[PDB]
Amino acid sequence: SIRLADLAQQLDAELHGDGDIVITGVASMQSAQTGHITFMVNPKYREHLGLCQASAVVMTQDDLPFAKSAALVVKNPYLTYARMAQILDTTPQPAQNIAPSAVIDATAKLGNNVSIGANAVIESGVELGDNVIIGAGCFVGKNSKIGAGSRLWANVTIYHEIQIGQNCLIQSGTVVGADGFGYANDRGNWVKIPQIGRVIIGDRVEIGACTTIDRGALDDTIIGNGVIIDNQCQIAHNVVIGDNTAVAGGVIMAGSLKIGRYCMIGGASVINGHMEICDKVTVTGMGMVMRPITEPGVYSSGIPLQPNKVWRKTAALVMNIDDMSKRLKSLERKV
């Protein structure tokens, strides 16, 4: 719980109302009750602000005349919402102190205030920095290092020789450092190439659930600082992702892809390997990225949904487009 005046100060927002209002948490506009603070971004909600029952609403200056409650005025309500949600965060920690059922190799090196959940397994040589939290059931493989403040939720798998920076967050089910898909061929028989590279994850990286990041074949798979990666993503061996790039859910990346900084990869996209995407590129959902992207901007692919009867004709015509092309060329020649 926190006073609205204190909250406005920490948020660097201008208060318009009773600063002694006690705020207990954040809520959506439709769900907000007394004691909740909420926010609005779309001006369509201005007009039924008298139905919102929050104790305070974060809004812009143009929204203030429509306010029917105490208001915190700011330039960017969505960013202010992020900050106040962090102040009022109710999320528990993956673990507290070191659980007696955890299995920790005697040669592990633990910083101060390290928490390890029940039945987590820490291999030899592992280094956990100050304030690191390992959730229940995690595995952290030999000689891996996790920087100060980083947190793993339950049932995360970190392989051997992995480096993770400070203040990272990895959600459950994720696997970091599995073998890359590297094989030689000896007369039709696959010959495993041991993957003795690593994964280097920078600082302030957040990784979703059931995402896989393979280790490099010789050199390393590299995730830059401030990268965010959603659920169900596959990052193949020797991929390099530049700082602050965002990767949405279900993206599949092939090996040796290089992605620049400040990129945004839409969900379910497929990016082929041995190529580079430059800085400040946006790929929209389900993009089929076959070629390098050398200029910033927005890129898209795919033929969107149609009613099935219409699709049947669309797909049949598209598959025979070569004949349409030949017929057009013939007609041009005749005319």
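When you see a residue number, it is the position in the sequence shown, counting from 1. Think of the rigid core as the biggest set of C-alphas that the two forms share within 1.5 Å after superposition.
Across the superposed structures in 8 other deposited structures of this protein, aligned by the core, the stretch whose Cα atoms lie more distant on average is 67-75, chosen from 217-225 and 67-75. The deposited model assigns a higher average Cα B-factor to 16-24 than to the other stretch when 311-319 and 16-24 are compared.
Once the C-alpha B-factors are averaged per stretch, 76-84 and 96-104 rank with 76-84 first. The maximum CA B-factor among the listed residues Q163, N189, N131, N238, taken from the PDB record, is found at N189. Sorting the modelled residues of the chain by their CA temperature factor places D243 in the lowest third. Remark: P292 belongs to the middle third of its chain, ranked by C-alpha B-factor as recorded.
In the PDB entry, a CA B factor belonging to the middle third of its chain's modelled residues is recorded for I271. In the deposited entry, the Cα temperature factor of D89 sits in the top third of values across the chain's modelled residues. In the deposited entry, the Cα temperature factor of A71 sits in the top third of values across the chain's modelled residues.
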